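# Notes for the structure review
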Amino acid sequence: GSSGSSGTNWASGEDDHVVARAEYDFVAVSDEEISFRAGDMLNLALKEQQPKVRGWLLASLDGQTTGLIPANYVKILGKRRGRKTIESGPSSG
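Residues numbered from 1 in each chain as written, not as in the entry; some residues may be left out. Heavy atoms only, no water.

Solution NMR is the method the PDB entry states for this structure.

### Structural notes on the overall build of the protein
What counts, and what does not: Starting at the N terminus, helices and strands are each numbered in turn, a helix being any DSSP run of H or I of at least four residues and a strand any DSSP run of E of at least two. Per-residue accessibility, obtained with a 1.4 Å probe over protein chains only, is compared with the maximum for each type, and a residue is labelled buried under 20%, exposed over 50%, and partly exposed between these values. Residue contacts are counted whenever heavy atoms from the two residues lie within 4.5 Å of one another. Accessible surface is estimated by sampling points in the Shrake-Rupley manner with a 1.4 Å probe; for residues, cover comes only from the protein chains shown. For the charge count, each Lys or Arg is scored as positive and each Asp or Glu as negative, with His and the chain ends excluded. Here the site of a charge means NZ on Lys, CZ on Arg, CG on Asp, or CD on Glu.
In terms of helices and strands, the protein carries zero helices and five strands. Counted from the first residue to the last, the protein has its helices and strands arranged as β-β-β-β-β. Seen through its principal axes, the protein has C-alpha atoms that stretch 45 × 35 × 20 Å. Here the protein holds 93 residues, and the buried ones make up 28% of them. For the protein, long-range pairs separated by at least 24 residues make up 53% of all intrachain contacts whose partners lie at least 6 apart in sequence. Entry remark: accessible area of the protein is about 7000 Å², with carbon and sulfur atoms responsible for 44%. Across the protein, the mean location of the 11 positive side-chain charges is 7 Å away from that of the 12 negative side-chain charges.

### Regarding the nonpolar core
So the rule is basically this: Throughout, nonpolar core names a set of buried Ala, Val, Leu, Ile, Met, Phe, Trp, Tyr and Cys residues whose side chains join them through atoms within 4.5 Å.
In terms of nonpolar packing, the biggest core is built from 11 residues, these being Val18, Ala20, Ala22, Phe26, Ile34, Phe36, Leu42, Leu44, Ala59, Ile69 and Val74. If sequence neighbours within four positions are ignored, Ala20 has contacts with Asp40, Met41, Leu42, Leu44, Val74, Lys75, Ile76 and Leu77.

### With respect to the sheet that holds strand β2 (residues 43-44)
Where we set the bar: If DSSP finds at least two bridges between two strands, the strands pair.
The antiparallel open sheet is built from three strands, whose spatial order is β2-β3-β4. The open sheet is flanked by β2 and β4 (67-69), the only strands paired with a single partner. By the bridge criterion, three bridges tie strand β3 (residues 57-60) to β4 in an arrangement that is antiparallel. Considered in β4, the bridge of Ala59 is made with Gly67.

### Description of unusual backbone geometry
A positive phi angle, close to 50°, is found at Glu87, a residue other than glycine. Relative accessible area serves as the criterion here: at 83%, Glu87 is assigned to the exposed category.

### Digging into the UniProt feature "domain: SH3" in the protein
Which entries qualify depends on this criterion: UniProt positions are given in the numbering used here, feature names are shortened, and annotations may be inferred rather than shown by experiment.
According to UniProt, the "domain: SH3" feature falls on residues 15-79. For residues 15-79, the helix share is 0%, the strand share is 23%, and the end-to-end C-alpha distance is 12 Å.

### So, the pairing of β3
Pairing of β2 with β3, which is carried by two bridges, proceeds in the antiparallel orientation. Paired with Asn43 across the strands is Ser60, a residue of β3. Once β3 ends, the chain turns through six residues before running back antiparallel as β4, passing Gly63 with a positive phi of about 145°.

### Brief notes about the pattern of salt bridges
Stated precisely, the cut-off is as follows: Criterion for a salt bridge: a side-chain nitrogen of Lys or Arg within 4 Å of a carboxyl oxygen of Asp or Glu.
Scanning the model with the defined rule gives one salt bridge in all. The salt bridge partner of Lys84 is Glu14, with a shortest N-O separation of 3.4 Å. Highlighted residues: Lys84 in the segment after β5 (74-76) and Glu14 in the segment before β1 (20-22), separated in sequence by 70 residues.

Right under this line is the structure:
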């Protein structure tokens, strides 16, 4: 079929998301899953958005398409906040 969605642009970075680097290699068992190798940056959506499934975190390897990716297989480096927030308004020291 076709696709199309706005707002939640965490995958692109415009929205709040997390950063992680695949610790090892792992392919996609199904179409829903994504194939990534050790050394890729995957954007993980906040639990709020995350699906019901447990263990698998919803993230977009490339940035446009989102799929189910493993956690242990990936290592978190340092979550980041939305992009707009960048030089948007005032903030404490």
